[PDB]
Structure formats: structure tokens, C-alpha cells
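**Student:** pasting the sequence and an experimental structure:
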Amino acid sequence: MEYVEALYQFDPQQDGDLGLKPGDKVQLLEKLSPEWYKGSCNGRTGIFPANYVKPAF
């Protein structure tokens, strides 16, 4: 998985958080842990919880 698709809405509450709407394909930059990933989506780069997404390609 190098791109992943958001299934759920992640509302960012801290700087560095990548906010997510369902259907957003996020380039996966690194799996930082089981629970937190780093990616970019629509020009933005930040971190989001891994359970918000599923594999895309």
C-alpha cells in the first residue's frame, strides 16, 4: 500500500494533522506506527490515524 483511501472523516485538531474526507486517496509516505500514518492528500501533508483508511493501490 503506497496509496490508501479514507473511509471515515478525520477532523484535524492539531497542526501537522492531515484531515480526511471519505473517498480521499492519500499518498502513504510512512507507516509511523500501527496507529499513526504520514501521507499527503490534495497538496497537504500530515499525519492521520491508520484505522481511518483502507488500501487503494
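**Tutor:** Here it is on my side, so go on. Numbering: from 1, shown residues only.
**Student:** in terms of helices and strands, where is the spatially most central residue of the chain?
**Tutor:** Central residue of the chain (C-alpha atoms, centre = their mean): residue 48, 4.7 Å from the mean position. Per DSSP states H and E: residue 48 is located in strand 44-49.
**Student:** and the next element down the chain from that strand?
**Tutor:** For strand 44-49, the following helix or strand on the C-terminal side (DSSP H and E) is strand 53-55.
**Student:** picking that back up, against which helices or strands is the strand holding residue 48 packed?
**Tutor:** In this structure, strand 44-49 packs against strand 36-41, with contacts taken as 3 or more C-beta pairs under 8 Å, 6 or more residues apart in numbering; DSSP states H and E. (Each C-beta comes from the backbone N, C-alpha and C, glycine too.)
**Student:** report the angle between the strand it packs on and strand 44-49.
**Tutor:** If you take axes from the mean of the first three to the mean of the last three C-alpha atoms, to 10 degrees, strand 36-41 sits at 150 degrees to strand 44-49.
**Student:** quickly run through the sheet partners of strand 36-41, with directions.
**Tutor:** Strand pairing for strand 36-41, determined by DSSP bridges: strand 25-31 (antiparallel), strand 44-49 (antiparallel).
**Student:** who does the residue nearest to the centre of the chain bridge with?
**Tutor:** Under DSSP bridges, the beta-bridge partners of residue 48 are residue 37.
**Student:** follow-up on the earlier one: and the strands paired with strand 36-41 as a markdown table, adding distance to residue 56?
**Tutor:** Below are the strands paired with strand 36-41 laid out as a markdown table (distance: least, C-beta to C-beta, whole Å):
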| stretch | distance to residue 56 |
| --- | --- |
| strand 25-31 | 5 |
| strand 44-49 | 14 |
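**Student:** who wins for proximity to residue 1 among the ones you listed?
**Tutor:** Ranking the strands paired with strand 36-41 by proximity to residue 1 (C-beta to C-beta) places strand 25-31 first, at 5.9 Å.
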